[PDB]
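Scroll down for the structure; my scribbles are underneath it.
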Amino acid sequence: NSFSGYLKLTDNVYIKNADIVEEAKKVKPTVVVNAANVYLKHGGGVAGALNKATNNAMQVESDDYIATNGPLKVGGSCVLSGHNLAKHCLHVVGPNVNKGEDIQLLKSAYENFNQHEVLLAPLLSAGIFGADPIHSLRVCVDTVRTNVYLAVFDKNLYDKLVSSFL
Ligand SMILES: O=C(O)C1=C(c2ccc3cccnc3c2)CCC1
């Protein structure tokens, strides 16, 4: 199957009201982005959902990556297997502004997307990371230069983002 049902916001940013796990299972994209933390502990939010859909195979692989490589930096990324969801999973760490991490690092986090021509992704630093999701979409539009297909689960949030960008 291929991406379908997206609204084009800019030349390269698309958005859909969808569960990213279901999108990944339908499309099997080359790259799905995870909203990760520095130790790749996929406990909740989008990370918990993607790891559960791999039946914990992502967590076991992530623990081995950390033991061998050490933690990521805030604003950084690594490429690991996508298992049943994608060819690859790009684990990206946005700042957790509720813990005083600098919002400037949200631009650095989105810069990692430019290494891939096409990605399925969530908004970074939204949810438990504490950033305003509309601000995160603005940074995505201002920073990502490759084609990104954004999945937003919550309908109320999705409608607010589309109203702000149209
Ligand atoms: O897209 C959303 O509505 C947002 C979040 C979320 C959280 C958990 C999810 C689990 C499965 C699939 N999608 C998810 C999405 C947290 C911030 C905004």
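In the structure tokens, chains take the letters A, B, ... in the order shown, each chain's residues start at 1, and ligands count up from 1 in the order shown.
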Inset, instruction - Select the residues contacting ligand 1 at a distance of at most 9 Å, based on only C-alpha atoms and all ligand atoms, then format the selection as a PyMOL selection string. - result: chain A and resi 17-22+44-50+122-130+133+150-158
Please produce a file of the residues just selected, as a short mmCIF file (atom, residue, chain, number, x, y, z; two decimals), in the first residue's frame, where the atoms kept are C-alpha atoms.
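Result file result_13.cif:
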data_model
loop_
_atom_site.label_atom_id
_atom_site.label_comp_id
_atom_site.auth_asym_id
_atom_site.auth_seq_id
_atom_site.Cartn_x
_atom_site.Cartn_y
_atom_site.Cartn_z
CA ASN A 17 -5.65 12.65 11.18
CA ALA A 18 -4.42 9.08 11.85
CA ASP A 19 -2.81 6.70 14.32
CA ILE A 20 0.87 6.55 13.30
CA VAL A 21 0.99 2.80 14.21
CA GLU A 22 -1.88 2.05 11.82
CA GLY A 44 4.62 6.01 26.78
CA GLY A 45 3.22 8.28 24.10
CA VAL A 46 4.12 7.57 20.49
CA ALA A 47 7.32 5.67 21.54
CA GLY A 48 5.32 3.25 23.76
CA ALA A 49 2.78 2.69 20.97
CA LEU A 50 5.38 1.99 18.24
CA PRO A 122 4.79 12.50 14.67
CA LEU A 123 5.19 16.14 15.79
CA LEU A 124 8.30 16.29 18.01
CA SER A 125 8.29 17.51 21.66
CA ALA A 126 4.43 17.43 21.79
CA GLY A 127 2.60 15.45 24.54
CA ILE A 128 4.72 14.59 27.58
CA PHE A 129 7.68 16.63 26.26
CA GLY A 130 5.55 19.76 26.82
CA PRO A 133 2.13 21.31 19.13
CA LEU A 150 2.73 13.88 9.68
CA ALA A 151 0.19 11.70 11.54
CA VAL A 152 -1.83 13.39 14.29
CA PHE A 153 -4.03 11.08 16.37
CA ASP A 154 -6.29 13.55 18.15
CA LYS A 155 -9.00 15.03 15.92
CA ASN A 156 -9.31 18.26 17.94
CA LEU A 157 -5.56 18.87 17.65
CA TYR A 158 -5.56 17.96 13.95
#
So which bits of chain A end up helix (DSSP H, G or I) when you DSSP the backbone, as a PyMOL selection string?
chain A and resi 20-27+45-53+57-69+97-99+105-115+127-129+133-143+155-165
Only C-alpha atoms, please: the residues just picked out, written as an mmCIF file, in the first residue's frame.
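Result file follows (again.cif):
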data_model
loop_
_atom_site.group_PDB
_atom_site.id
_atom_site.type_symbol
_atom_site.label_atom_id
_atom_site.label_comp_id
_atom_site.auth_asym_id
_atom_site.auth_seq_id
_atom_site.Cartn_x
_atom_site.Cartn_y
_atom_site.Cartn_z
ATOM 1 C CA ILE A 20 0.871 6.554 13.296
ATOM 2 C CA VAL A 21 0.994 2.799 14.213
ATOM 3 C CA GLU A 22 -1.876 2.048 11.824
ATOM 4 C CA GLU A 23 -0.314 4.264 9.111
ATOM 5 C CA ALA A 24 3.009 2.421 9.438
ATOM 6 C CA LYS A 25 1.300 -1.015 9.297
ATOM 7 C CA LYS A 26 -0.661 0.006 6.111
ATOM 8 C CA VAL A 27 2.155 1.761 4.238
ATOM 9 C CA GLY A 45 3.217 8.284 24.097
ATOM 10 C CA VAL A 46 4.119 7.569 20.493
ATOM 11 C CA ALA A 47 7.317 5.667 21.535
ATOM 12 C CA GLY A 48 5.325 3.249 23.759
ATOM 13 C CA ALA A 49 2.781 2.688 20.972
ATOM 14 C CA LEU A 50 5.381 1.985 18.236
ATOM 15 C CA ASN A 51 7.317 -0.372 20.554
ATOM 16 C CA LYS A 52 4.122 -2.261 21.519
ATOM 17 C CA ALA A 53 3.254 -2.718 17.840
ATOM 18 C CA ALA A 57 11.411 -6.109 19.579
ATOM 19 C CA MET A 58 12.190 -2.341 19.259
ATOM 20 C CA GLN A 59 12.968 -2.060 23.002
ATOM 21 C CA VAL A 60 15.354 -5.085 23.038
ATOM 22 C CA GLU A 61 17.208 -3.713 19.969
ATOM 23 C CA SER A 62 17.290 -0.179 21.544
ATOM 24 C CA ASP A 63 18.769 -1.520 24.827
ATOM 25 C CA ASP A 64 21.580 -3.209 22.853
ATOM 26 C CA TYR A 65 22.217 0.043 20.862
ATOM 27 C CA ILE A 66 22.532 1.999 24.163
ATOM 28 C CA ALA A 67 24.850 -0.535 25.823
ATOM 29 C CA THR A 68 27.182 -0.367 22.784
ATOM 30 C CA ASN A 69 26.928 3.357 21.857
ATOM 31 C CA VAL A 97 10.799 21.698 27.806
ATOM 32 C CA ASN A 98 8.929 20.629 31.007
ATOM 33 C CA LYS A 99 12.412 19.582 32.313
ATOM 34 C CA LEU A 105 16.944 22.149 20.228
ATOM 35 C CA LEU A 106 13.580 21.449 18.528
ATOM 36 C CA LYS A 107 15.111 22.883 15.300
ATOM 37 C CA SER A 108 18.157 20.574 15.737
ATOM 38 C CA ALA A 109 15.789 17.609 16.272
ATOM 39 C CA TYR A 110 13.882 18.285 12.996
ATOM 40 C CA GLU A 111 17.202 18.773 11.092
ATOM 41 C CA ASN A 112 17.701 14.979 11.417
ATOM 42 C CA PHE A 113 14.716 14.424 9.072
ATOM 43 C CA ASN A 114 16.681 15.955 6.147
ATOM 44 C CA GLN A 115 18.881 12.861 5.833
ATOM 45 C CA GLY A 127 2.604 15.455 24.537
ATOM 46 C CA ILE A 128 4.719 14.587 27.582
ATOM 47 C CA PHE A 129 7.680 16.628 26.255
ATOM 48 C CA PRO A 133 2.134 21.308 19.127
ATOM 49 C CA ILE A 134 1.345 24.262 16.840
ATOM 50 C CA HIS A 135 4.813 25.710 17.564
ATOM 51 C CA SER A 136 6.308 22.242 16.779
ATOM 52 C CA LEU A 137 4.496 22.183 13.383
ATOM 53 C CA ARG A 138 5.864 25.720 12.622
ATOM 54 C CA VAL A 139 9.451 24.572 13.412
ATOM 55 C CA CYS A 140 8.892 21.456 11.235
ATOM 56 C CA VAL A 141 7.725 23.631 8.285
ATOM 57 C CA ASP A 142 10.633 26.128 8.772
ATOM 58 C CA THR A 143 13.326 23.311 9.130
ATOM 59 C CA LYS A 155 -9.000 15.032 15.917
ATOM 60 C CA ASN A 156 -9.307 18.256 17.942
ATOM 61 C CA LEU A 157 -5.555 18.870 17.652
ATOM 62 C CA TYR A 158 -5.560 17.963 13.950
ATOM 63 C CA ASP A 159 -8.330 20.489 13.199
ATOM 64 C CA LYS A 160 -6.501 23.251 15.163
ATOM 65 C CA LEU A 161 -3.226 22.584 13.262
ATOM 66 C CA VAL A 162 -4.969 22.640 9.822
ATOM 67 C CA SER A 163 -6.797 25.907 10.724
ATOM 68 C CA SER A 164 -3.448 27.521 11.706
ATOM 69 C CA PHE A 165 -1.707 26.446 8.483
#
In Å and to one decimal, atom CA of residue 1 of chain A is distant from atom CA of residue 120 of chain A by 13.8 Å
Checklist entry - In Å, with one decimal, what is the gap from atom CA of residue 95 of chain A to atom CA of residue 131 of chain A? => result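 Distance between the two atoms: 8.4 Å.
With only C-alpha atoms taken into account, the protein and nucleic acid residues at most 9 Å from residue 147 of chain A (excluding it and anything under 5 positions from it in its own chain) are residues 11, 12, 13, 14, 113, 114, 116, 117, 118, 119 and 120 of chain A.
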Can I get the selection written as a compact mmCIF listing (two decimals), in the first residue's frame, with C-alpha atoms?
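selection-v4.txt, written as the output of this step:
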# COMPACT_ATOMS: atom_id res chain seq x y z
CA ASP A 11 5.62 21.93 -0.91
CA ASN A 12 7.01 19.19 1.32
CA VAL A 13 4.82 18.83 4.54
CA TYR A 14 1.67 16.68 4.50
CA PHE A 113 14.72 14.42 9.07
CA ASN A 114 16.68 15.96 6.15
CA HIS A 116 15.84 10.94 4.44
CA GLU A 117 13.83 11.82 1.31
CA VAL A 118 10.48 10.54 2.70
CA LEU A 119 9.39 10.04 6.35
CA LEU A 120 6.24 9.11 8.27
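Distances here use only C-alpha atoms; by that measure, the residue among A:149, A:166, A:35, A:86 closest to residue 6 of chain A is A:149.
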Between atom CA of residue 16 of chain A and atom CA of residue 102 of chain A, what is the distance, to one decimal in Å?
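If I compute the distance from atom CA of residue 16 of chain A to atom CA of residue 102 of chain A, I get 28.3 Å.
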If you run DSSP on this backbone, which residues of chain A come out as strand (DSSP E or B), and could you give them as a VMD selection string?
-> chain A and resid 7 to 8 13 to 17 31 to 35 77 to 81 88 to 92 118 to 121 147 to 152
